[PDB]
Amino acid sequence: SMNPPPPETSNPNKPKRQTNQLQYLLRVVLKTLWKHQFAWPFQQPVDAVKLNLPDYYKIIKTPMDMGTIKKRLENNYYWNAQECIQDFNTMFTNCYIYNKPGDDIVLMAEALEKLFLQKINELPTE
Ligand SMILES: Cc1cc(/N=N/c2ccc(S(=O)(=O)Nc3ccccn3)cc2)c(N)c(C)c1O
């Protein structure tokens, strides 16, 4: 099986804006997670071909990753902070669906998610 195309990251038919929350999500949240020691599985779409995961895209229909999120932020793809937050949550959830408790990748997701949630608790005002 081929990989699916990656998620879209730019669309000139959507309106654009910068908000203080979206700024925080790129400059604080995304950049803090990106440099973490456990970021590496999450920095690009899951390459099911290269990683020998032939059922990955049979199970995961809404793939998401932080490379995609970073590009979406940088391209003003998101209008609402919640859309971005949702993408992070999808990314974690997919990892929990496909993998099992105690897998190394799950433990890495958990740690990154706890950090994510801490930072989201510190989002500034609308
Ligand atoms: C999200 C997710 C990601 C997964 N793998 N992601 C990977 C992402 C990148 C690599 S890498 O370029 O070899 N870089 C490495 C490999 C090992 C250690 C540090 N960096 C390997 C795997 C994976 N195998 C599953 C099952 C997942 O659910």
Side-chain angles (χ1 to χ4, degrees):
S1 291
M2 287 176 62
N3 290 319
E8 98 172 330
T9 53
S10 179
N11 181 345
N13 212 41
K14 304 223 264 186
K16 295 171 185 180
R17 72 178 174 172
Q18 300 181 334
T19 72
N20 202 38
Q21 287 185 353
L22 284 168
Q23 180 179 53
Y24 180 93
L25 282 158
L26 176 55
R27 306 302 185 171
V28 176
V29 182
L30 181 285
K31 290 289 178 76
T32 298
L33 270 45
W34 191 271
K35 67 179 190 188
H36 193 280
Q37 61 176 320
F38 293 155
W40 55 269
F42 307 100
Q43 287 171 328
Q44 59 287 301
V46 174
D47 189 333
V49 175
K50 173 185 128 70
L51 299 173
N52 187 31
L53 315 169
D55 58 340
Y56 189 82
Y57 292 109
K58 295 182 197 315
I59 294 165
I60 300 306
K61 307 299 192 184
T62 313
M64 190 48 56
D65 66 282
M66 297 203 292
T68 294
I69 294 164
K70 179 178 190 272
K71 289 167 176 176
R72 285 176 172 206
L73 288 155
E74 290 166 343
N75 295 158
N76 317 293
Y77 187 86
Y78 304 118
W79 187 258
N80 283 341
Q82 194 49 37
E83 293 175 92
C84 175
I85 292 163
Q86 181 57 244
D87 280 346
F88 280 104
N89 289 333
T90 294
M91 174 185 82
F92 295 125
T93 306
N94 291 341
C95 185
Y96 306 139
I97 287 167
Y98 183 77
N99 301 292
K100 309 297 180 281
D103 287 346
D104 279 6
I105 189 78
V106 161
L107 298 172
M108 292 174 77
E110 289 177 358
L112 266 199
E113 183 184 36
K114 278 176 198 166
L115 181 56
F116 172 69
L117 292 171
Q118 194 180 68
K119 294 304 197 191
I120 299 300
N121 285 338
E122 300 168 353
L123 262 190
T125 62
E126 183 176 358

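Sequence positions, counted from 1, serve as the residue numbers for this chain. We count ligands from 1, going down the list as the structure has it; atoms in each ligand are counted the same way.
Both tests hold for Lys14 against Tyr77: distance to the six-membered ring centre under 6.0 Å, angle to the ring axis within 45°.
For the salt bridge (charged side-chain N to carboxylate O under 4.0 Å, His left out) test with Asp87, the passing option among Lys71, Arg72, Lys70 is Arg72; the others fail. Considering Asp104, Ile105, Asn94 in turn, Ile105 is the only one that fulfils the side-chain contact (heavy atoms from CB on, under 4.5 Å) rule with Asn99.
Among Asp103, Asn99, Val106, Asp65, the residue whose heavy atom lies closest to atom 28 (O) of ligand 1 is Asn99.
For atom 5 (N) of ligand 1, a protein non-hydrogen atom is found at a distance below 4.0 Å. Atom 20 (N) of ligand 1 lies below 4.0 Å from at least one non-hydrogen atom of the protein.
The residue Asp47 has no part lying near ligand 1, judged by heavy-atom distances below 4.0 Å. For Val46, every heavy-atom contact with ligand 1 shorter than 4.0 Å involves the side chain, none the backbone.
Between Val106 and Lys100, the closest heavy-atom pair is CG2-O, 3.4 Å.
Residue, atom and distance of the protein heavy atom nearest to atom 3 (C) of ligand 1 are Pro41 O, 3.4 Å. Annotation: atom 13 (O) of ligand 1 to nearest protein heavy atom, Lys50 NZ, 4.5 Å.
Side chain of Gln43 to main chain of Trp34: a donor-acceptor pair is present (N/O by atom type, distance under 3.5 Å, no hydrogens or angles). The backbone N or O of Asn89 sits less than 3.5 Å from a side-chain atom of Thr93, completing a donor-acceptor pair.
Ligand 1 has no nitrogen or oxygen under 3.5 angstrom from a nitrogen or oxygen of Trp40.
Scored by the ring-ring contact (aromatic ring centres under 6.0 Å, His included) test, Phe38 finds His36 as partners (sequence neighbours excluded).
Residue contacts with ligand 1: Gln44 is included, with a non-hydrogen atom under 4.0 Å away.
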